Structures are given as structure tokens and as C-alpha cells.
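Take a look at the structure below.
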Amino acid sequence: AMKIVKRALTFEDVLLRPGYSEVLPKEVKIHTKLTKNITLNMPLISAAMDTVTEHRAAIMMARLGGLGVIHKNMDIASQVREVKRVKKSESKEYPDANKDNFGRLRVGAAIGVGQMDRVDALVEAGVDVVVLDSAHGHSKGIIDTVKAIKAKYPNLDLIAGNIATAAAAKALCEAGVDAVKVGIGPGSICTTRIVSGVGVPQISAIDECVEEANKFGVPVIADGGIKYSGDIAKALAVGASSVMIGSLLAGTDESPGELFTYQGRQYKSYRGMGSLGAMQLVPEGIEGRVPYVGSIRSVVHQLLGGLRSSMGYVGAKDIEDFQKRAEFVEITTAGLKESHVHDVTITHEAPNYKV
Amino acid sequence: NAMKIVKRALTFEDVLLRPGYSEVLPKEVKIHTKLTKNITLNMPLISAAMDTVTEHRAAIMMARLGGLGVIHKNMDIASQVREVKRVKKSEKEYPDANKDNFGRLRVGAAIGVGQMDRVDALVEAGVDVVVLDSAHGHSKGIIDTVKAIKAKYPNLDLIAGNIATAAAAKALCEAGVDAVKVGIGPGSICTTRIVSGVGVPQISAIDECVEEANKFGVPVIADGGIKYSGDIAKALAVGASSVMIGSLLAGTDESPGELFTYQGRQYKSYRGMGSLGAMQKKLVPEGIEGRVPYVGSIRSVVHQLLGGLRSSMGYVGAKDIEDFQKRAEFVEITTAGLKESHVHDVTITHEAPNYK
Amino acid sequence: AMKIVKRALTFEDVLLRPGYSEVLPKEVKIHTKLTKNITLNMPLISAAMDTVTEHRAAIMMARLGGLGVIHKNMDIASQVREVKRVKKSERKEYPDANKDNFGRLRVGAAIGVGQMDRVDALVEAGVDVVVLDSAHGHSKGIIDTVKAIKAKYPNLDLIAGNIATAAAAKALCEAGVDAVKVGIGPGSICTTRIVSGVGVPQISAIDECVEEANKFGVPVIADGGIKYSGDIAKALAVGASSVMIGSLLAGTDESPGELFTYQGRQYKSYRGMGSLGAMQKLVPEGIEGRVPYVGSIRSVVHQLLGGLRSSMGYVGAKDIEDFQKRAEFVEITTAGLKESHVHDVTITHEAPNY
Amino acid sequence: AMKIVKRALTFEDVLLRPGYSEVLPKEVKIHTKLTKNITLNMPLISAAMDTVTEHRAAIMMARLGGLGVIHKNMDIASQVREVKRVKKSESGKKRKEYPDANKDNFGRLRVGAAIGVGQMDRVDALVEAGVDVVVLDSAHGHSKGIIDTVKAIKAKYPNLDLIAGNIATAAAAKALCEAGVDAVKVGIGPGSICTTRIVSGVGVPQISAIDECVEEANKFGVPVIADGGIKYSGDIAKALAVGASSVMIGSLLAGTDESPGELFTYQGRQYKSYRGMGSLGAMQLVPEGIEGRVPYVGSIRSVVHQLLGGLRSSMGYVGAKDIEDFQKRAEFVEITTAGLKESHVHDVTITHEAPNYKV
């Protein structure tokens, strides 16, 4: 008989229970670790996609206290030129900016397997973290590349992904990564589970990996499938240390894509890295568009705002406390229906709730 | 799993009441109940304390029909006092009117954390019950406000919420509330569960809190998420002593606001007190601004709601509410079993007062 | 600390498992029992509603081997008039006709609680079976009416409902019914579960009652919520001796009423008996609606029985009794129901039984 | 209580867990067994449907490593002439163009043909024509008629490979294997155009079906053909991972150049007819299928290419070097409705249409 290992939950299967609280939303700390050695002032990372992060968006992210990861769908020269543009910028309008020993904004940069020349370049341009991202991080090529980079650059922080199992986490942490990115399938533009049948719902994914990663003191980045600030709060409460976000940031002033107008409204194009457009045979992503939403800064303000309200409901003074206090319930579909807005036509724009 | 999953929580659509042997007719069942340890209603419905649901005009009908309205707090003390008095000075056409020892209509009024000056005035205006409402009742701010008010006015009935766990019900009771409001996120216009990830489906919430509050002899008000008369019946069957309703009352004559037209039909604004527009009188809302259909008079709406409650009780075979809770037994259903429970496979021609 | 008795399934939650078959669908027997003393040659009863059954439809149902029930939304004499027309209607064309000992077609008639004078007039008129219906058959009003009727007319077969629990099934059988009707809230036009919060999904409710009423040898009629022919078969495989149908027959020629056109398509009016229009400070438990016009009753019934026979063929059963002994089910997920319907394919030509 | 045997899962109910992988999608081998004795170089069979497979369609599938099955909705001389067109296509240029072609010992493309119950005179004419495998298909394979026909064919033609379906239970698999079949076709209800679960209430969800028959048919060393319900390449992968040895597909191949029938335009878009064999139009009366249309999707070669590409990717995710390793390594999770909505595309309007994702 076939081997079913578990019944796996995603964000919409669970809610956080309220607990006794002596703290206010504005008082809670959202400091967090990005890797074993790098912290963040806010727990959000903009995704390493050509429709999301480039030098401009990586600057806002650091200024607001998180990070952006320059994508790798460009030649070595260009990624160096984008990284240098983040290191040359600077931030009182930005009190929580995420800077380095020289007071320069932190930035990350993506690489593929066996791309040493690119790591060589990014390291000398001053990259703070290298994000080795694959469609399948639990692979011999990725482990080999991890050990080879930690040999050459022992002081360079390295993030590797994407994985979705305790086994994958143990293997990477043993190869010496400084954080693991978790997510096979969750992303809004991802078709992997449909074209290949592979994937693990993200809440169960994060839960499986944090349990293994913690044995190594290795932070877990929850990558993909965030649709609302609440999904962030669920991701952090299960034990992830930071969240990587793409779709919610691509419709902003700061993302690389150009603005255009279709049938009255303004959009930006958003596409998967594994889609046909971005690979120019058998794609695993789609090409789409998202509505224009304004500045990154305002989108980010609402997401963190919801994280803060969540921590106040749970009663947590900081992220680590959040994770000790968190208790969940599993809901049914009808419970999801009641969690959303029901039986009323929305008539004004809500800044943190659309459908 | 290394994450703490406490239970699997059900809401109104996951369950149905099993019919029982019945010796009673729906017209002969008694629907009186308790709002609080010392205030009784003749029927178990309360108006939400919302600036699109309850004001003096709506609060009067609710009292006249046997229930109670809670005047909302989105106004200055002077105005809210004035709203409270219009109801008290209102005073065979309404034979189930819910009155006080002097024979004035009963009325409620909402308050927030540490608004002690607001309470001083509302007591002097003769309010019967002060509703200490907050997004998160299970907090030091609310506990301390409870103990403070119960120290200053030991005979003023206090309601506090909203909660959704036994631990919370326990805290408020020992702080001395006379009734708890249960409901974190079921509201039609609520986005709490989405914007913050916090919530408990309402049926598991009620059930959990009633069990705890009963130990203290404290009634439970089921707040929000009620879509049809049947939910009012489910909610009471689980242990709630009364139900508070928003969107089903916002489209009426007696709610504040004015009617407006959109593509041939008439509507009324309806919005969360956590919405941008309501709060503006930078913000991270937990509500939305919407409209609902104009549905005529509150009286028509309360008639149908209580009508289906009386129908339910007849099916269960219960003479009064407290018997309805002892006899009631539930069936949990699947999603497809609800497709069958609504109307299905047939196009509706004429509208039904009780069903849209 | 609330009382959740079980998890209740409806038709869409189950499927029949195939079995070894030595039988072909043309050659399986679909006779059954309506009551303790009245048999049917096919297991279908047309519903007792003012938009479904009247004499024109009851005559057809009996000619094809089933039975119609004349609805109670009319004065006594007018109901007497309808039953008499069915009775006096009276071999190669309709070989499977369901007749009484006098060669006349069989007919039922619906009555309400406490309506003894109507019963007398119907017994006088030759009604084979009286169907005493209520929103809540498990009440003192209905039990006392059963006891009274059975006392005055012992040899008159009586049906009572609707009910949805074992305990209710026991009470009706002890009061002397000759059948029970199961169905609280599965009806296509029924809003009971929304208005009162009261119901039991049909497959679980049939299961619970059938077990109980077999102890007395009382057939169970499965009432309401039949959408397709496969639900006919699921209803009987679980234990029901017959099934009652409303929506699938309201859009026929014999259904009482006249057709009307809305947006270039033809329709029949179809309404619940607890709707505002069937009654006229009232609190309805049904809606007023319309169903597409689907032609003759004979064409609809032929497909319905044709899916029952085929189902028997899959399970491998010579008759309904064998069908119930062999039937095994699987429970499916909402996803498994999408796959069991047509998916991914626009349907160009509409099917007769889909 | 009514006898409820289990809770049965369909494809959308499960996902494969990735494992440690040392293989690349392009290096994994996808060869598989069709019957106890006939091999395939790819695991896809085109369905025995009068709008899916005929000689043109059968040829292209053999060229790519798979197999076609010529439908039986035609007279015997018609079916024999179409079986021959495949066998003639190559005798012994197009061997370097289709290097993975599925050939017999004579070098001709392999071909299947469908028969109904008690059609021995059809079988005779098909065997003389050079058919490689005869598939005895029925709405209900677990029946006396199918099993006696299986006995009669294997007695008259001992060395002729025979597939028999459709079944959905271990008991049925046990019966057919014991009657001496060489493969079983699993599938009651899952087909895109089928209405058997709706009209007759009968059927088993396809993942559980495959799982129940594989466990039994393996005891006899007999392969399972997972037949119907495939809407995406990932379904092929799941069906194989559960233990099926090959997959039969109708809907995804009916809108192709090779498919029988002709193109037509309806509101400025091009479609092909695609109907269930139990539909009213297909039976020249209580149907068990409907008559539909499918978007035109160009050549069978490009369709097959994406489908196999998805499978290879799935294999790379699991780390498996061949289909046997895929099955010994595979582990699943069960998912909820919200997990399936997460697994698809969500919140983004698909502007460009992907060659392997259409909703």
C-alpha cells in the first residue's frame, strides 16, 4: 500500500488563539535573525525575482529594516552593478535601516549551483549574504556548492533552498548553511505541484524544518504563499525567523517592472522565475500581472502592522516569545469563509484587505 | 507536528441540530432569557454597538420588541448621554417591551479601556448596562477597567469582550464582569482573522467559553457571524444566553445613516468599527466599509429571526431556552452536506423574508 | 462540552463500490415495498406537492409501476375528485402498472395532523394509502393522529413523516405506521436548515432510520434531495425501500401547472409547500422557484430507472434486496466529487440524464 | 449501518514529498512495462476512443515510445485496416528522427486494438493483422462476461497479450489476474467525460483505486494501467508513483492534429469533438458519458513532450533514477482544499498561457 506520511496543512487551515496580553502592538519588538550571524530589524525579505527585486527595491527593504535579494536572471556584471548601487545609497527618515559595519545598507544576492565566478564577484562587491536558490535544494549539486562556498568564504553568510522536509534541513545544516529557505509549491506564480505533483503545504513545511533546523541553531526562511499579513504572523508563530515575499511587493513603485494600463487600471507584470518568459522548455511558473499598489513603504507598513496586532492578541513581547506562546486551531472551509469578509459588498478600499 | 494545535474548531455551518420528540408548538415556546446576571430580556437579540447599527432610534425598537440595543462609542460623551436619554424617555402594541424597575426602556452603551469619565456620565444618565467592548478582552487593560468600574459602581451591570477561550472567560469572570461577549473575528465585516491570523470559529468559541462562564454563573453573549435565523438557534443551543447581531439589522429603517441607490435597488452603509472610515473621526484596520440591502423595518426583521428560533425549538421539542440547551444534540456535516441544506438546483423566483 | 452525536454524510459524500456481477442491467428486478402491505413495481414516488403531483401525474406514476401522492393544498372534495380520477383511469402499453385487487391504478393522498374528516372522505373514495406529513413527524400531534387513524381504519395503510432519527423511527413504528418518510431538510426547495438550523444529511438519516424500522419490518421512504439517478441508487443501497422525488418531476407535462418562458427558455413553477406562496406574520421554510421544462414524465422516469438498473449491474444484484445486502461504499472528498462529475470539458450536447 | 469500506482519495488529494536527489530530470529513464511481456519506452497510452485514437494517432504514440489503442466503434474490416496502417508505417530516416520508437521484433510500430465482450470474430481478424496487444474494455470488467471472454481468448491464443478493464477493486484485480490477463486497466468513474458516478452512484476515486489494485495485481506479477482522470502532467507522476506502470489519457490528446475528426470554430476559437464512448452520439438508451469539445492544442508530439517533461521533473524531485526507483522512494502527503488552492496559481491574473497549465 502507498506511503502517506502526514496530513499537511497550509496557512488557511489554521488560526492563532488569543492569549492573555499585557503588551500593546506598538510596544512589541520584531527584531529577528536572518541567518546564524545576520539579524534584521523587521522579518521581511523581498523575493529574488526579476519582477520584484533589483537595486531600488533592495534599498527600501534595508531602509525599513529587512532585506532584498537581487535576482540572478542577469549576467555577473549586472548583479555586481545592482549590488554596488545598494551599497552606495545610505539612509532620520529611516530609523530602523539594516546596515553593515561601515553604515551601508545590507543587500543579498542570488546564485545558482556551480556558479563560483558569480560568488567571487558578489563577494568583492560587498554582498552581505548569498542566497543559493534552486527548484530543489535537497540535491547533490546544491550540497556540493554549499560546501565549496563555505570552503572558499568561511565568513560569508549563505542561504540555501528551497526545501520542504526535515531530511532536507538536516542535510543542508550539516553542509554548513547559515539559513534554510522553505517552500516547494506555495508561491502565487508557481505551478510545480501541478506540473510535477511535488510540494508540501507551507504551514506543515515550516513546522517540519524549524524542528530540524533548530537542532543546528539555523534560522528558517518561510518562502512563498503569503497572501495577507496574517499569513506572515502564522509563519513566524510556527517558528520561522523571517518571511520571503514576492507577489505582494511586485505591484509597487520600487519593483523593476514598468507600469502599464490595461482596461482602466494600472498593473505591473509579475512572473515566476521558472516560467517561459523568465527563461529567455518545461516551465514550472506562469507569467502574470498584479495591480499597482503604490509605495513599498506603505505595503510594508500594513504587513508589519498586522504582525504587531497578532503579537498583541497572542500576548508576546518579541518574536521568540510569540513562538513560545503560540497555540493554533485547525478550521474547516466554512471557518475560512467566516474568517474572511462575508455577506457584505465591500465599497471602499481597505489598505490591508483585498480579495 | 511540533506546533501546538489545540483542537479542530467548528463554526455555524459545520453543524446542524438533530430534531427531537416534541410536545410543544413554536407559538407556545418561551424565548425569554438573561442578558446578564441581573438583567433579563424577553427575547434574546442585541443590536451591535456600531455606528451603522445602533443609536437611539434602533435601541428603542429593540427594547420595545423584548431585546436591547447598545449605543456605540464613536461619539463624544455629551452625544452618547443624549442618545441614552432618548431611549429612557421614550416609555398593548409593544407588550413584550423590556423595561426597568421604573418602566423605562432598558438600554446599553459601549465603552473602551480607561474611559472612566464616560462611565460616570452614562451611569448618571441612567444606562442599564455598560458594554466594555474591545478587540481583545483578555488583556490587562480590560481586566483593570473591569475591576475599577465594579469598585466604583458595584450595582452597575458590566459586559466585557470580546473573548474566545476558556482562559479568557475565566479571567473576566474573576475580575467580576456580569456577562462576557464571545467573538474574535466572526463578524461579517471583520478582517481580524485575515489581517492578524488570530481567531476561533464561533461555535467552538461559544461552547468553550460557556462551559467556563457557567462555573461562575455568568451568561455568554454570542457576537457576530450570524447570517440566518438558524445560526441564532445554533448559537443559543450551544449555551449562549443571547446573540448580538450587526449586518442583519444595518439595512433597516431604524439604523443610523440614510438609504442610497445603486443600480436600481436601495442600500445602507455598513462598516466595521475597525475600518478606516469608522476610525477616522498610520492606521492598520481590521474591518471594511461595505453596504447591505435595504430590508425595511427592524420589526419585520426581528419577527422572522425569532420566528425561525421558535421553529427550531419546536423541532428540538423544548418549552424554553434553558430546556433547548439540555435537549439539543448536534450533527457535524461536510461541505457537500451544506450545499444540500441551502436551496439547490432551483432558481428562486420571489424573495423570501427569511432567506436571501 | 456540547453534544455532537456523529458526523453525517449526504449523497455527495459516498460512492458505491463495484462488485462481481453475473447479471446484466436489462435483467435485474426493481420491484419493492411501499408499505407493509402495498408493493411497487419500481421504487419511485412522485412528491406530494402542489407543483408536482395531481391526478395527471399520479396516473402516469402508477402506469409505470410507481405511485403519486395527491397534495393536501386543496379542499377535501377537490382531493376526493383527484383520487377518484386516478382510480377510474384503468395492457401492452403499460405492462408494469401498479394496480389494486380490483385492477384500478394505485394512488396515495396526503393529509395533515388532526385531519380525520379528510381521511374518511379519502377512504370512501378508494385511496390505497394515506400519507400523513408534517415538518416534524416526531411529535405528539403526529403520533396521536397515527394512533387515531390506525384505530378507525386498521386495514388502511398509513405513511408518516418526515423524520430523521432512529428514535423517531421507533416512535412511528410503535404507533403502528406501515412506512416512515425520512427527510428533514434535504429538499431542493427547503430552507429548514437555514431558518431553524435543524437537519440530518440524507444518507446518514436513511441509514439511522432504516436500521431501526427493519426491527418492525417497516419500509423506509427516502424523501427529498435526489438530484441525479445515482442518488436513487445510493438511497436504496443504504436501505430505503423507495424514494420520493419533487424537482426532477416538476418540469414535466403531467406536473400540474402551465409552462412559461423566461429569456427564450421554457420553465415550470416549482415551490416548497412551506413557502409563502403555497400557504397563501408567517415564517416560511421554503422558497418559490422554477425548474426547466423537461417534457414527459415517462422520459424522465425511464432515465432514472435506467441509472438504477445500471447501478445494480455494477454491484451485481438481481433485486433491491440483494442490492442492499451486497452494497459497499467509499467516502469521497470534495475534490473526489469534482472528478466524479464532468470536468475540463465543455458539454456541447446536453445529455438526457445529466 | 451501511458498509463504508474506506475514505478514498483522488489526485488533488495528495502530493509527493521531495527527497534527496542525485539525478537530473534529463538523465532519469522512463521506460516501463505495459503487460507481463510488452515494454514501453515512455509510460503513456492514448485512449481507445473514436475521438482520440485511430491509425494516425496510434502511429505518433508508438514513435514517441508509447502505444495507441484503436477504438472498437467501427466494423471489423475498418479496425483491421487501421491496425495495418500502423504496422505498415515502418518495415525495418525515421529511425534517427524517432529514436525511442516502440517496435516489435520485426521493427514495426506497436499497436493495440479494443474489443468488446464476446467478440471473438473481431479478435481473430485482429490477431492475423499483427496486433501486439488486445485490450478487452468494458464499463464493468469485474463481471462473468469479461472473465469468460478472457478465458476464451487466452485459450485460443495462448501467446497473445491481453489487457482487461475496467476495474477498481482488489477483488476485481485478483479475479482478472487469475483468469490469466497480462495487465489490468484501473478506472471506474475518473474519466473527464464520464458520468458513471452521477448516473449510477458507482465509482472509486482514482488514486485509491490504483493503490488497491496495484497491491493485489503485483502478487500475480501483472501491471496496472491507470486509465482516466489525468488533467495535468503531475497526475501522470502521482499515478505512477502510487504503483501504476503506465497511464491512459483521453482528454489531453483529443484536441490534436493526429486526433480523429476535424477542426471547427466556435466563437473565434478552434476545438475538436471529444465524447465518451458511452454517450448518445457514440452509441451507433441510458448514457454514461457526454459529448464535448476540447481546445485545439497542436501536435501530439508537443503535448507528449510537456507531459513527459513534467514527469521527469517529478522524478528529479524524488531522486529516482528509473520508474521502479520512483515507486520504492515515493512518499506522499494528504492535503486539504485550501492546500490545493495554494498548489495552483492564485492571486495573480495569468496573462501569458503556459504550455502545461490551462486553468
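When the chains are written out, they are named A, B, C and D in that same order, and each has its own residue count from 1.
To be clear about the criterion, a residue touches a chain if its C-beta (ideal position, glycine included) is under 8 Å from a C-beta of that chain, and two chains touch if they have at least 3 such contacts.
Participant: Nearest whole angstrom, what separates the Cα centre of subunit B from the Cα centre of subunit C?
Facilitator: Using C-alpha averages as centres, the distance is 40 Å.
Participant: Approximately how many whole Å separate the CA-defined centres of subunit A and subunit C?
Facilitator: That pair's centroid distance is 56 Å.
Participant: Which residues of subunit B are in contact with two or more other chains?
Facilitator: 335
Participant: Make each chain a node and each touching pair an edge, then name the shape: line, ring, star, complete, other.
Facilitator: ring
Participant: Okay, what are all the chain pairs that touch?
Facilitator: A-B, A-D, B-C, C-D
Participant: Over in the complex, which subunit D residues touch subunit C? Could you list them?
Facilitator: Touching subunit C from subunit D are residues 1-13, 140, 142-144, 167-169, 171-172, 175, 188-190, 192-195, 197-206, 208, 229, 231, 251, 271, 273-274, 279-281, 286-288, 290-294, 337, 340.
Participant: What residues on subunit A touch subunit B, complex-wise?
Facilitator: Of all residues in subunit A, those touching subunit B are 6, 14-22, 203-204, 207, 210-211, 228-234, 237-239, 301-302, 305-310, 312-315, 326-335, 337-348, 350-353.
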